[PDB]
Amino acid sequence: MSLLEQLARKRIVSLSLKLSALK
Amino acid sequence: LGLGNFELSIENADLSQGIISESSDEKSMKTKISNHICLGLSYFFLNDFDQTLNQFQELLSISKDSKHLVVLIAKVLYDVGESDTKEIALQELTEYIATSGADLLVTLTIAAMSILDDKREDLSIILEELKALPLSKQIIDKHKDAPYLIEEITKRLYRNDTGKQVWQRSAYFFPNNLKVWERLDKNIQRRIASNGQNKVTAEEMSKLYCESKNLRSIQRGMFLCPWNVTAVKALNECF
Amino acid sequence: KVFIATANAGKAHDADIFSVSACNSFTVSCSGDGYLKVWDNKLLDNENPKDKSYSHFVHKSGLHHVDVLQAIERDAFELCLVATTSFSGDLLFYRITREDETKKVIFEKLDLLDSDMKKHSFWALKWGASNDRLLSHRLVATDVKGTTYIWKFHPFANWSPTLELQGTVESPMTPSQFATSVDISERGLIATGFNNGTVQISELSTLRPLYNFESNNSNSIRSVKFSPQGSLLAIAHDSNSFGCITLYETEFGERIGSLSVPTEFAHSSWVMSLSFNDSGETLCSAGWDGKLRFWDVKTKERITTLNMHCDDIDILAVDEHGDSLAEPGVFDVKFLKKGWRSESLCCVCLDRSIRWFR
Amino acid sequence: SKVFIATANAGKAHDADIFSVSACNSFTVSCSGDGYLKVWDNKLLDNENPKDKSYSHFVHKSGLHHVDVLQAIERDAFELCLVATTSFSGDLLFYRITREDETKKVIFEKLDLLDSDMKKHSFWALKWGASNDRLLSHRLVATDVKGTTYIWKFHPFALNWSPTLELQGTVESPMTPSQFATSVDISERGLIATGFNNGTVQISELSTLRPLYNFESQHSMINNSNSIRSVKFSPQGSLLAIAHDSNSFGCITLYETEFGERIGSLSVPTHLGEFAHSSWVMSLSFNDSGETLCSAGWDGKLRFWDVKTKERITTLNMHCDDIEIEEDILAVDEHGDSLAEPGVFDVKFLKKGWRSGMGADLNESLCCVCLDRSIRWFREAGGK
Amino acid sequence: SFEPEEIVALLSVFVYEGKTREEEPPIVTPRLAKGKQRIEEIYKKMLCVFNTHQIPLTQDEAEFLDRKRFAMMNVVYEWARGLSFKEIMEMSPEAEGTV
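In order, the protein sequence lines correspond to chains E, B, D, C and A.
The deposited numbering puts the first sequence at residues 1 to 12, 76 to 86.
To convert, take the position in the second sequence, counting from 1, and add 1193; that gives the deposited numbering.
The deposited numbering puts the third sequence at residues 3 to 159, 168 to 225, 231 to 278, 287 to 336, 341 to 369, 377 to 392.
The deposited numbering puts the fourth sequence at residues 2 to 159, 167 to 279, 285 to 397.
To convert, take the position in the fifth sequence, counting from 1, and add 1139; that gives the deposited numbering.
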């Protein structure tokens, strides 16, 4: 599900995670 | 739709149609027409819900009228097979012909429909029509679909009359056409495409080599296109 | 000027007529059905032309080219030879002899090609007569690969005809193009036409090219004719569904001008055939629009224009799309010199009929 | 490679089309559609007709279209030379080439290495993989009409002569349904490349027999043209040259095999677009150093390219009148068609010292077979 | 609008010394004559410019238009078309080394 798709129907990263885990 | 995922195509077309329906602008009509085409074709190809396809193509015909669009709609309706569908297709093709004039593509499609429907009066009328096209309509027809249609109509109405005269005339006007020499002499066709006078593909050239019915040429044409069925079959049939 | 019809034979053939040529004794015609017909040039005025027509089956593929050579050999040995080309690609030389017993004709097939020259395929040819320049006759023929050939014809070696191949001239361009028209001149020049739109000029003696001229879309050379006496060459171009004629001057390789009528184009549809008269002032033009246009070479202005769709007797009239308003007409026209009928005008049309004018 | 001088030729060498050619240190092998296999001695002397030092053997009535030769010194003194061919019927045949002690004539001995279940397939392409320090055993790879690639190991001994072929495994086509496998190659680093009739190349690892890459070289998928005719690995580098059709044109594309990315294409102005040859590219070949590539064209030309700069270097034209002995010139075919510019079927680079004769002793050579049923030899000017 | 053969044949004026003794044959294509006219006009303008500033000219520059430097255009054009060397030599006004 997505917010944009929900709104339309109604009208009808990797480097950061690794850095935290390493520390 | 191009890939062949009809269900996802229908879902996305429905979503796009729902998201923008009351809008009136330049960028909305194109999307509406595209969505209608996708919905109709996707339903027709797999869903078999010919009523929904008929409704969507009727809406599309109401919303627009162009030669290619009406021809595609007519072919789809004819492929449906319903008598009402065929009548609607023929009627709207004739209506476009009346509204915008005469064009080679629409005439060829009508002739094909009549030949597949076996209408003797219509076949004779089209044979009269197809045999008197202007030179502008013959320079454009680079693949000689019209002469093939004339031959087919002639042989299906006068027992076994020889219709090679249209091919001879086309060769007189177009001696450097690859299609015209197929019916007259395969030697000339092989020679003309041999050294770069015309641009010919590997499959067609391999077909030309095998048609000389010789062991060396058959081996050559099978070496060019090993996946060709006729080449391998002829080589097997040699010895 | 004024042209008056003399004879008219209808339904002469069942397949269409592609080319007509004539000699001082008879008019020979060729059609796509494979029958080669001859018409008697010298005939009574009050008699149907069909009454003196002699037919002969030639080939199954179908014919589109014919040329007849007539000459008087040593002593009073009359010579009448005919060459023609079939849609399969064969050269078919025929001898014509008249039987004095009952005024009959002898269609005699003659073979003059060896086993290697029989493996080619020909499109256009034209006999070369013997003028004061050289005693021997000549023959030129085109090819589907663009090549042109030239024999020297020796009629004696008794009656023992042979063909001696002087040489060949290849196509100007590479990759080659289909050679469509060829012509020969009495001053020793050879011209060849192509569907690309290129005309190449050579001479008999040395077999080297001398000049070279250039022009949906369609620009194909239909006709090439040298002047009978002088240095001039007429070319029949193709426009986009239109006809054009252009004049050239030999020995300089320059362009004189173009023939046109007000709407530069000459005919509404394609132009097919060209023909000079005996002296060389009037040029007739056969078109696919169905009209014959006579032109004056000196003033580059049209003299007259015939309409054979209606017997009773100008601007290029086109419709809202750009198409001619006239139905398709004539394939070929021809001039006949003085004393050939009792100048003439042979015309073979799309209606499968043949008509004459004087 | 800038100047090439013709050294020897033999017109009307075979009775039918010569579809492939291969060379070794001792001789050059040709296969034709008439079913013969001809061995041409490489060590020619001055003033010697090539046809004088030639030997022929009949293999199959249906003709042959692929050939490859393997020569190696298997022991301290043992020497083996093997020829593998495939026919139009789809048979894989093996022959052992040996020479007489006195007459020095070539003897042909047929070998049986395939089992009964292996003889039910129809093979098209083949390639000998010699030992190149990657593994102690020679390799043979072949493709069939169903799209599968087979890998074998050849064991000469069981010194006792007892040849045996051991199947390692098979690699299937990457797409469903399977297509035709038209070409195959094997590199010294242990890689296998296969070409298909739809324009797809697949690369697999020799040791473990699993796919690595699947790149598509089609310019556009509007029509079903653009099949692959030849795939070749660079002799030392990580580079793979692809020859593929483009709707009556010939194209060459370069890829690097470490990651499988498109590098570029070779093209010249021809009578616009990116095309290498006017008609088609039928064969490719690298030189010893891997810096020059030779493409054989159906238009009748040999073009040489600079690999690094992707630019053409020189062009060699083929004529039917280049044959020395005028009685061997074939101007026209059996239908009277011209052969003044005959297309090239195959081209092969010969290592330095393989081919001796008129000044070819210290530089690389070259051999090609053309449509006029002739075999021709060239040498690179200068030395090395 | 020129073709590669026409351009390569037209550029031969800059490499041919033109010191022949035969009558030039007529040009083979009209575009070659047009290019000859253009080159002659450009060279006349350059001669005017040179003579305005009084520069001493060489023997070849002074007599560029007084020699037959366009007499090999046909030979180069026919060589580019693909004729054999025998025919080229038969139609040439010079020897083999010059060509």
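Using N, Cα and C, we set each Cβ at its ideal position, and we do this for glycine too.
What span of residues does the alpha helix (DSSP H) with B:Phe1416 cover, start to end?
For the purposes of this step, residue 1416 of chain B is identified with residue 223 of the second sequence, where counting begins at 1. In the DSSP annotation of this structure, the continuous segment of the alpha helix (DSSP H) that includes B:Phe1416 starts and ends at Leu1408 to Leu1417.
Cβ neighbours of C:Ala251 in the same chain (closer than 6 Å, five flanking residues each side left out):
Counting from one through the fourth sequence, the residue named residue 251 of chain C turns up at place 243. The beta carbon of C:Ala251 lies closer than 6 Å to those of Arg237, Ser238, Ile260, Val294 and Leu297 in the same chain, with the five residues before and after it left out.
Compare the C-beta of E:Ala84 with all C-beta atoms of chain B and state if any pair is closer than 8 Å.
For this step, residue 84 of chain E is matched to residue 21 along the first sequence. Among the CB atoms of chain B, none fall inside 8 Å of the CB of E:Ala84.
To which residues does DSSP link C:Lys44 through a beta bridge?
Taking the first residue of the fourth sequence as position 1, residue 44 of chain C is located at position 43. Looking at the DSSP assignment, C:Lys44 forms a beta bridge with C:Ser369.
Quick one: residues in its chain with C-beta nearer than 7 Å to the C-beta of D:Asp319, no 5 flanking neighbours on either side, listed in chain order?
As a first step, residue 319 of chain D is located in the third sequence; it is residue number 296 there, counting from the start. Only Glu304, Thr305 and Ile326 meet the Cβ criterion.
Opening and closing residue of the beta strand (DSSP E) in which D:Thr178 lies:
The residue given as residue 178 of chain D occupies position 168 in the third sequence. Counting along the chain, the beta strand (DSSP E) containing D:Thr178 begins and ends at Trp169 to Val179.
Contact set between B:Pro1368 and chain D, taken where Cβ atoms lie within less than 8 Å:
One-based indexing of the second sequence puts residue 1368 of chain B at position 175. Neighbourhood of B:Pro1368 in chain D, by CB distance below 8 Å: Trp125, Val146, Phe188, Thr190 and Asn205, in chain order.
How is D:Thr86 classed by DSSP in three states: helix, strand or coil?
Position 84 of the third sequence, counting from 1, holds the residue named residue 86 of chain D. Residue state, collapsed to three classes: strand.
Measure how close the beta-carbons of C:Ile200 and C:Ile211 come, nearest whole angstrom, since I'm counting them as under 8 Å.
What you label residue 200 of chain C is simply residue 192 of the fourth sequence in a count that begins at 1. What you label residue 211 of chain C is simply residue 203 of the fourth sequence in a count that begins at 1. C:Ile200 to C:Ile211, Cβ: 7 Å. Contact.
Out of C:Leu137, C:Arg197 and C:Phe257, point me to the one whose CA is closest to C:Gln226's CA.
For the purposes of this step, residue 226 of chain C is taken as residue 218 along the fourth sequence, with counting starting at 1. With distances taken between CA atoms, C:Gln226 lies nearest to C:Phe257 out of C:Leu137, C:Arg197 and C:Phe257.
Counting only Cβ-Cβ distances shorter than 8 Å, please list the residues of the stretch 107-132 of chain D near chain C, keeping chain order.
Answer set for the stretch 107-132 of chain D: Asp118, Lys121 and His122.
Run through the DSSP bridge pairs and tell me what B:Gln1284 is partnered with.
Numbered from its first residue, the second sequence carries residue 1284 of chain B at position 91. Paired residues: none, contrary to the question.
Residue range of the alpha helix (DSSP H) that A:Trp1218 falls in?
Position 79 of the fifth sequence, counted from the start, is the residue given in the question as residue 1218 of chain A. Per DSSP, A:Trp1218 is one residue of the alpha helix (DSSP H) stretching across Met1212 to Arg1220.
Does the Cβ of D:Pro51 have 16 or more other Cβ atoms within 10 Å, making it buried, or fewer, making it exposed?
Locating residue 51 of chain D in the third sequence gives position 49, counting from the first residue. Burial is judged here by how many other beta carbons sit within 10 angstroms of a residue's own beta carbon; D:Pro51 has at least 16 and is buried.
Exposure of D:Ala78, with buried meaning 16 or more beta-carbon neighbours within 10 Å
Numbered from its first residue, the third sequence carries residue 78 of chain D at position 76. With fewer than 16 other Cβ atoms from the protein chains shown falling within 10 Å of its own Cβ, D:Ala78 counts as exposed.
Determine the chain G residues that contact B:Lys1392 at a beta-carbon separation under 7 Å, and present them in chain order.
Absence of chain G from the displayed structure is noted, the protein chains being E, B, D, C and A.
Please say whether B:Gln1382 and B:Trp1374 have beta carbons closer to each other than 8 Å?
As a first step, residue 1374 of chain B must be located in the second sequence, where it is residue number 181. As a first step, residue 1382 of chain B must be located in the second sequence, where it is residue number 189. For B:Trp1374 and B:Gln1382, yes; Cβs fall inside 8 Å.
Taking C-beta pairs closer than 9 Å, name the residues in chain C that D:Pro185 reaches, listed in chain order.
Sequence index remark: in the third sequence, residue 185 of chain D carries index 175 (1-based). Those are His279 and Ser291, listed as they occur along chain C.
Under 7 Å Cβ-Cβ, which residues of chain A neighbour D:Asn10?
Walking along the third sequence from the start, residue 10 of chain D turns up at place 8. Below the 7 Å Cβ cutoff, chain A contributes no neighbours of D:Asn10, its closest Cβ being approximately 45 Å away.
Using a threshold of 8 Å, state whether the C-beta atoms of C:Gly286 and C:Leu217 are closer than that.
As a position in the fourth sequence, residue 286 of chain C is number 273, starting the count at 1. As a position in the fourth sequence, residue 217 of chain C is number 209, starting the count at 1. Their beta carbons are not under 8 Å apart, which means C:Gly286 does not touch C:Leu217 by this criterion.
Determine whether the beta carbon atoms of C:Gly148 and C:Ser117 lie at a separation below 8 Å.
For this step, residue 148 of chain C is matched to residue 147 along the fourth sequence. For this step, residue 117 of chain C is matched to residue 116 along the fourth sequence. Judged by beta-carbon spacing, C:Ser117 lies beyond the 8 Å limit of C:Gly148, meaning their Cβ atoms are not closer than that value.
By a C-beta neighbour count over all protein chains shown, 10 Å radius and 16 as the cutoff for buried, is B:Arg1409 buried or exposed?
Along the second sequence, one-based indexing puts residue 1409 of chain B at 216. Residue environment: B:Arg1409 is assigned as buried (16 or more neighbouring CB atoms within 10 Å of its CB, all protein chains considered).
Own chain partners of D:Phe124 with C-beta closer than 7 Å, once the 5 adjacent residues on each side are dropped
To locate residue 124 of chain D, count along the third sequence from 1; it is residue 122. Hits under 7 Å: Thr87, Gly91, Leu93, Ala143, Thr144 and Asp145.
Nearest candidate by alpha-carbon position, reference B:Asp1207, set B:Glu1345, B:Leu1239, B:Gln1358 and B:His1229:
For the purposes of this step, residue 1207 of chain B is taken as residue 14 along the second sequence, with counting starting at 1. That would be B:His1229, whose Cα lies nearest to the Cα of B:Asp1207.
Under a three-way DSSP split, which group does B:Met1306 fall into?
Against the second sequence, residue 1306 of chain B aligns to sequence position 113. Helix.
Kindly indicate which three-state DSSP category E:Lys81 falls into: helix, strand or coil?
Translated into the one-based positions of the first sequence, residue 81 of chain E becomes position 18. It is helical.
From the beta carbon of B:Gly1389, is the nearest beta carbon of chain D less than 8 Å away?
On the second sequence, residue 1389 of chain B is found 196 positions in, with the first residue counted as 1. Interface residue, yes.
So, using beta-carbon positions, are C:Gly36 and C:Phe59 closer together than 8 Å?
The residue you call residue 36 of chain C lines up with position 35 of the fourth sequence. The residue you call residue 59 of chain C lines up with position 58 of the fourth sequence. Yes, Cβ-Cβ distance for C:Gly36 and C:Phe59 is below 8 Å.
Select from the stretch 1320-1349 of chain B all residues with a C-beta closer than 7 Å to any C-beta belonging to chain D, and list them in chain order.
Per Cβ criterion, the list reads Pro1327, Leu1328, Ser1329, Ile1332 and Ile1333.
Could you name the residues of the stretch 346-363 of chain C whose beta carbon sits closer than 9 Å to any beta carbon of chain D, in the order they occur along the chain?
Cβ contacts with chain D: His348, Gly349, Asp350 and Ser351.
Just checking my contact of D:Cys32 with D:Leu65 at CB under 8 Å: how many whole Å lie between their CB atoms?
Numbered from 1 along the third sequence, position 30 holds the residue referred to as residue 32 of chain D. Numbered from 1 along the third sequence, position 63 holds the residue referred to as residue 65 of chain D. Contact holds; Cβ gap of about 4 Å.
Put D:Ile6 into one of helix, strand or coil per three-state DSSP.
Counted from its first residue, the third sequence places residue 6 of chain D at position 4. Note: D:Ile6 maps to coil in three-state DSSP.
Against chain A, with Cβ distances strictly below 8 Å, would D:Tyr56 count as a contact?
Against the third sequence, residue 56 of chain D aligns to sequence position 54. Not one chain A Cβ lies under 8 Å of D:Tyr56.
Alpha carbon to alpha carbon, how far is B:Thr1224 from B:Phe1366? Give it in angstroms, no decimals.
Reading the second sequence from its first residue, position 173 is the one you call residue 1366 of chain B. Reading the second sequence from its first residue, position 31 is the one you call residue 1224 of chain B. Their Cα atoms are separated by approximately 45 Å.
For D:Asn222, which of helix, strand or coil comes out of DSSP?
In the third sequence, residue 222 of chain D corresponds to position 212, counting from 1. Strand, per DSSP.
Proximal chain A residues relative to D:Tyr221, where beta-carbon distance stays under 7 Å
Taking the first residue of the third sequence as position 1, residue 221 of chain D is located at position 211. Identification of chain A residues near D:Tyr221 by a Cβ-Cβ cut-off of 7 Å yields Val1167, ordered along the chain.
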